[PDB]
Amino acid sequence: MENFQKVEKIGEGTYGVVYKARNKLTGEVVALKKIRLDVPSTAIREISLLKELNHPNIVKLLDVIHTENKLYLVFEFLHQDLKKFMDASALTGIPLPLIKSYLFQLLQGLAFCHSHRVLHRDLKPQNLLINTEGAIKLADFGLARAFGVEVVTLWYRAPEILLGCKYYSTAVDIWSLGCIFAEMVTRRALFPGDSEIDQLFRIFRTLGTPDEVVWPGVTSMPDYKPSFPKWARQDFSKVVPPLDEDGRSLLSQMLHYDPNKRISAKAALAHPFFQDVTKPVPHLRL
Ligand SMILES: COc1ccc(-c2nc3c(NCCCNC(=O)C4(CN)CC4)c(Br)cnc3[nH]2)cc1
């Protein structure tokens, strides 16, 4: 951290803070994650795995600096996040061709991770980073399985996590991404819950309370209660107007209760919704 020159704070999580920084040596402008340890060797070997997980839609981990018994992560810097971009686009909304490019690119990023059995676990607009070339990238990626388990947002949590499933799958990333998709389209968060039960109950209201019919094995989940209220499902035409039939078809399959019926990243990339996919460049004000 002697080689770096903190420019401004650009982010924060549970494991540390992130600074835009300039490499005193090399002129390089980077995003530097200062990991707050209180060292663990298992955590080190895990992070070093992430140096190999390289993809155009994953924020590039440049270096891992383990020194003075502190850990720093040096990433590629991107000039904006999707939250700020969505906020800046909220009067007219993000154009659908741009929505579709970003969904396809993130689905490409996830197909890759997931093919390597790596899950993200916390996809949200603030973890999606955009550049001036029309690229979108997954950030803060696999840095949860490392050390183990600010108000953390629950809005993009898959239902199996909220129901206490301890061994959840890559399908939790598709759910989160589905929620992000919906939010880009409608310009409102799909499931803005302010606690786990409020989050779960907001999902139940929209998609219906899950049962053995739509989700075999659900009544046997750790935090499942026979006493959960029994809401009927609403139509998707009400949930994401004015998303077209292809978009709403894909979204429904990304929001299946059953994690084994939920569409994979690979299958989603073949969905008719991306027949006409392009790569627009956004208009970014930095
Ligand atoms: C609001 O305008 C913004 C401008 C730039 C960023 C920005 N943030 C980052 C960032 N990290 C902060 C955002 C992603 N979140 C995290 O990395 C956390 C929190 N989940 C710290 C682990 C990384 Br890495 C690379 N380029 C970045 N660019 C964010 C917002």
# chains A, B, ... in the order shown; residues from 1 in each chain; ligands from 1
>>> closest_atom_pairs(of="segment 5-96 of chain A", to="segment 124-145 of chain A", cutoff="10 Å", atoms="only C-alpha atoms", output="JSON lines")
{"residue": "A:11", "atom": "CA", "partner": "A:126", "partner_atom": "CA", "distance": 8.8}
{"residue": "A:13", "atom": "CA", "partner": "A:140", "partner_atom": "CA", "distance": 9.0}
{"residue": "A:14", "atom": "CA", "partner": "A:144", "partner_atom": "CA", "distance": 9.4}
{"residue": "A:15", "atom": "CA", "partner": "A:143", "partner_atom": "CA", "distance": 8.4}
{"residue": "A:33", "atom": "CA", "partner": "A:140", "partner_atom": "CA", "distance": 9.5}
{"residue": "A:43", "atom": "CA", "partner": "A:145", "partner_atom": "CA", "distance": 8.3}
{"residue": "A:46", "atom": "CA", "partner": "A:145", "partner_atom": "CA", "distance": 7.9}
{"residue": "A:47", "atom": "CA", "partner": "A:143", "partner_atom": "CA", "distance": 7.2}
{"residue": "A:49", "atom": "CA", "partner": "A:142", "partner_atom": "CA", "distance": 9.3}
{"residue": "A:50", "atom": "CA", "partner": "A:142", "partner_atom": "CA", "distance": 7.2}
{"residue": "A:53", "atom": "CA", "partner": "A:141", "partner_atom": "CA", "distance": 9.6}
{"residue": "A:55", "atom": "CA", "partner": "A:137", "partner_atom": "CA", "distance": 9.0}
{"residue": "A:56", "atom": "CA", "partner": "A:137", "partner_atom": "CA", "distance": 7.4}
{"residue": "A:57", "atom": "CA", "partner": "A:137", "partner_atom": "CA", "distance": 4.2}
{"residue": "A:58", "atom": "CA", "partner": "A:138", "partner_atom": "CA", "distance": 4.7}
{"residue": "A:59", "atom": "CA", "partner": "A:139", "partner_atom": "CA", "distance": 5.3}
{"residue": "A:60", "atom": "CA", "partner": "A:139", "partner_atom": "CA", "distance": 8.6}
{"residue": "A:61", "atom": "CA", "partner": "A:139", "partner_atom": "CA", "distance": 9.5}
{"residue": "A:75", "atom": "CA", "partner": "A:139", "partner_atom": "CA", "distance": 9.1}
{"residue": "A:76", "atom": "CA", "partner": "A:139", "partner_atom": "CA", "distance": 9.8}
{"residue": "A:77", "atom": "CA", "partner": "A:129", "partner_atom": "CA", "distance": 9.0}
{"residue": "A:78", "atom": "CA", "partner": "A:131", "partner_atom": "CA", "distance": 5.8}
{"residue": "A:79", "atom": "CA", "partner": "A:131", "partner_atom": "CA", "distance": 6.1}
{"residue": "A:80", "atom": "CA", "partner": "A:130", "partner_atom": "CA", "distance": 5.5}
{"residue": "A:81", "atom": "CA", "partner": "A:129", "partner_atom": "CA", "distance": 4.3}
{"residue": "A:82", "atom": "CA", "partner": "A:125", "partner_atom": "CA", "distance": 5.1}
{"residue": "A:83", "atom": "CA", "partner": "A:125", "partner_atom": "CA", "distance": 5.0}
{"residue": "A:84", "atom": "CA", "partner": "A:126", "partner_atom": "CA", "distance": 8.1}
{"residue": "A:85", "atom": "CA", "partner": "A:130", "partner_atom": "CA", "distance": 8.6}
{"residue": "A:86", "atom": "CA", "partner": "A:125", "partner_atom": "CA", "distance": 8.5}
>>> select_by_dssp(residues="segment 4-251 of chain A", states="strand (DSSP E or B)", output="PyMOL selection string")
chain A and resi 4-12+16-23+29-35+58+61-67+70-76+80-81+128-130+136-138
>>> select_by_dssp(residues="segment 91-217 of chain A", states="alpha helix (DSSP H)", output="JSON, numbers by chain")
{"A": [96, 97, 98, 99, 100, 101, 102, 103, 104, 105, 106, 107, 108, 109, 110, 111, 112, 113, 114, 115, 159, 160, 161, 162, 171, 172, 173, 174, 175, 176, 177, 178, 179, 180, 181, 182, 183, 184, 185, 186, 196, 197, 198, 199, 200, 201, 202, 203, 204, 205, 206, 207]}
>>> residues_around(residues="segment 206-211 of chain A", least_positions_apart="5", cutoff="10 Å", atoms="only C-alpha atoms", output="compact mmCIF listing (two decimals) with N, CA, C and O atoms, in the first residue's frame")
# COMPACT_ATOMS: atom_id res chain seq x y z
N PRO A 159 -34.96 -17.09 -3.08
CA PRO A 159 -35.83 -17.61 -2.00
C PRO A 159 -35.22 -18.79 -1.20
O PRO A 159 -35.49 -18.94 -0.02
N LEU A 190 -37.80 -4.77 -7.73
CA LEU A 190 -38.86 -5.76 -7.84
C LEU A 190 -39.36 -6.19 -6.47
O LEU A 190 -40.57 -6.31 -6.27
N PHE A 191 -38.41 -6.46 -5.57
CA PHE A 191 -38.67 -6.98 -4.23
C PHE A 191 -37.84 -6.21 -3.21
O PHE A 191 -36.83 -6.72 -2.72
N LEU A 200 -39.03 -12.12 1.90
CA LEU A 200 -39.67 -13.33 1.53
C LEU A 200 -41.15 -13.07 1.22
O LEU A 200 -41.68 -13.57 0.22
N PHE A 201 -41.79 -12.25 2.06
CA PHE A 201 -43.22 -12.01 1.93
C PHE A 201 -43.52 -11.12 0.75
O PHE A 201 -44.56 -11.27 0.13
N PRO A 216 -41.06 -28.74 -5.19
CA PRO A 216 -40.91 -29.97 -4.42
C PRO A 216 -39.77 -29.87 -3.44
O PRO A 216 -38.62 -29.52 -3.83
N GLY A 217 -40.07 -30.18 -2.17
CA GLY A 217 -39.08 -30.15 -1.12
C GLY A 217 -39.06 -28.86 -0.31
O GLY A 217 -38.29 -28.76 0.65
N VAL A 218 -39.90 -27.88 -0.69
CA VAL A 218 -39.89 -26.54 -0.07
C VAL A 218 -40.39 -26.54 1.38
O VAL A 218 -39.84 -25.83 2.21
N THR A 219 -41.42 -27.34 1.66
CA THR A 219 -42.01 -27.46 3.01
C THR A 219 -40.99 -28.06 4.00
O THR A 219 -41.16 -27.93 5.20
N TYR A 224 -38.77 -22.78 6.53
CA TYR A 224 -40.12 -22.86 6.00
C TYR A 224 -41.08 -23.08 7.19
O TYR A 224 -40.78 -23.88 8.08
N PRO A 226 -45.27 -23.81 8.03
CA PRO A 226 -46.60 -24.08 7.49
C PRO A 226 -47.54 -22.89 7.64
O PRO A 226 -48.48 -22.72 6.84
N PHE A 228 -46.79 -19.67 7.14
CA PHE A 228 -46.63 -18.58 6.15
C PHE A 228 -47.99 -18.32 5.50
O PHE A 228 -48.66 -19.27 5.11
N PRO A 229 -48.38 -17.04 5.34
CA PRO A 229 -49.62 -16.73 4.63
C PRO A 229 -49.61 -17.27 3.21
O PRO A 229 -48.54 -17.37 2.58
N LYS A 230 -50.80 -17.59 2.70
CA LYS A 230 -50.92 -18.21 1.39
C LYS A 230 -51.41 -17.23 0.33
O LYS A 230 -52.60 -17.20 0.02
N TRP A 231 -50.50 -16.42 -0.21
CA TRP A 231 -50.80 -15.49 -1.30
C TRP A 231 -50.88 -16.23 -2.65
O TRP A 231 -50.07 -17.10 -2.92
N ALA A 232 -51.87 -15.90 -3.49
CA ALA A 232 -51.91 -16.40 -4.87
C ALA A 232 -50.90 -15.63 -5.75
O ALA A 232 -50.47 -14.53 -5.39
N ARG A 233 -50.52 -16.22 -6.88
CA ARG A 233 -49.55 -15.59 -7.78
C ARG A 233 -50.23 -14.48 -8.60
O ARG A 233 -51.38 -14.64 -8.99
N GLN A 234 -49.52 -13.37 -8.83
CA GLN A 234 -49.92 -12.32 -9.81
C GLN A 234 -49.39 -12.64 -11.21
O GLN A 234 -48.43 -13.36 -11.35
N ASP A 235 -49.98 -12.03 -12.24
CA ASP A 235 -49.47 -12.15 -13.61
C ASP A 235 -48.20 -11.34 -13.81
O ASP A 235 -48.09 -10.22 -13.32
N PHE A 236 -47.29 -11.87 -14.62
CA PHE A 236 -46.07 -11.17 -15.01
C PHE A 236 -46.34 -9.93 -15.86
O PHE A 236 -45.53 -8.98 -15.87
N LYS A 238 -48.56 -7.89 -15.13
CA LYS A 238 -48.63 -6.85 -14.09
C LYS A 238 -47.27 -6.53 -13.45
O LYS A 238 -47.05 -5.40 -13.00
N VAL A 239 -46.36 -7.50 -13.41
CA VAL A 239 -45.11 -7.33 -12.68
C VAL A 239 -44.07 -6.50 -13.42
O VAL A 239 -43.41 -5.65 -12.80
N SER A 252 -39.54 -14.91 -16.24
CA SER A 252 -40.24 -15.97 -15.49
C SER A 252 -39.39 -17.21 -15.20
O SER A 252 -39.45 -17.79 -14.13
N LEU A 255 -36.94 -16.55 -12.62
CA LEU A 255 -37.57 -16.37 -11.28
C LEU A 255 -38.37 -17.60 -10.82
O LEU A 255 -39.22 -17.50 -9.91
N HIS A 256 -38.11 -18.76 -11.41
CA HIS A 256 -38.67 -20.00 -10.87
C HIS A 256 -38.26 -20.21 -9.40
O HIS A 256 -37.08 -20.09 -9.03
N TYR A 257 -39.25 -20.53 -8.58
CA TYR A 257 -38.99 -20.94 -7.22
C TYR A 257 -37.99 -22.10 -7.14
O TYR A 257 -37.00 -22.02 -6.43
N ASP A 258 -38.28 -23.17 -7.86
CA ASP A 258 -37.46 -24.36 -7.76
C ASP A 258 -36.08 -24.08 -8.37
O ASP A 258 -35.99 -23.85 -9.56
>>> closest_residue(among="A:214, A:123, A:110, A:90", to="ligand 1", atoms="only C-alpha atoms and all ligand atoms")
A:123
>>> closest_residue(among="A:44, A:171, A:25, A:151", to="ligand 1", atoms="only C-alpha atoms and all ligand atoms")
A:151
>>> residues_around(residues="residue 250 of chain A", least_positions_apart="3", cutoff="8 Å", atoms="only C-alpha atoms", output="PyMOL selection string")
chain A and resi 246-247+253-254+268+271+273
>>> atom_distance(atom1="atom CA of residue 69 of chain A", atom2="atom CA of residue 51 of chain A")
19.6 Å
>>> residues_around(residues="segment 71-73 of chain A", least_positions_apart="4", cutoff="10 Å", atoms="only C-alpha atoms", output="PyMOL selection string")
chain A and resi 1+16-18+30-37+39+44+47+61-67
>>> write_last_selection(atoms="C-alpha atoms", output="tab-separated table (two decimals), in the first residue's frame")
chain	number	residue	atom	x	y	z
A	1	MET	CA	0.00	0.00	0.00
A	16	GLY	CA	-13.49	-3.72	3.65
A	17	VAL	CA	-13.46	-0.43	1.80
A	18	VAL	CA	-12.55	0.30	-1.86
A	30	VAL	CA	-7.01	1.09	-10.09
A	31	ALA	CA	-9.73	0.13	-7.57
A	32	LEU	CA	-7.99	-0.93	-4.35
A	33	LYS	CA	-9.95	-3.08	-1.88
A	34	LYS	CA	-8.61	-2.76	1.71
A	35	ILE	CA	-9.65	-6.02	3.40
A	36	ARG	CA	-10.37	-5.58	7.12
A	37	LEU	CA	-8.78	-8.58	8.94
A	39	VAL	CA	-4.40	-13.48	7.96
A	44	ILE	CA	-5.48	-16.64	0.83
A	47	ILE	CA	-8.50	-15.40	-3.35
A	61	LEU	CA	-8.23	-8.73	-10.22
A	62	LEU	CA	-4.80	-7.23	-11.05
A	63	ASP	CA	-2.88	-8.27	-7.95
A	64	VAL	CA	-3.29	-9.58	-4.41
A	65	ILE	CA	-1.04	-7.79	-1.92
A	66	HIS	CA	-0.61	-9.76	1.28
A	67	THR	CA	1.81	-7.79	3.43
>>> closest_residue(among="A:195, A:23, A:153, A:186", to="ligand 1", atoms="only C-alpha atoms and all ligand atoms")
A:153
>>> closest_residue(among="A:169, A:275, A:4, A:29", to="ligand 1", atoms="only C-alpha atoms and all ligand atoms")
A:29
>>> atom_distance(atom1="atom CA of residue 74 of chain A", atom2="atom CA of residue 156 of chain A")
26.4 Å
>>> atom_distance(atom1="atom CA of residue 172 of chain A", atom2="atom CA of residue 158 of chain A")
5.2 Å
>>> residues_around(residues="residue 104 of chain A", least_positions_apart="5", cutoff="10 Å", atoms="only C-alpha atoms", output="VMD selection string")
chain A and resid 98 to 99 109 to 110 136 265 268 to 270 273 to 274 277 to 279
>>> closest_residue(among="A:87, A:192, A:45, A:180", to="ligand 1", atoms="only C-alpha atoms and all ligand atoms")
A:87
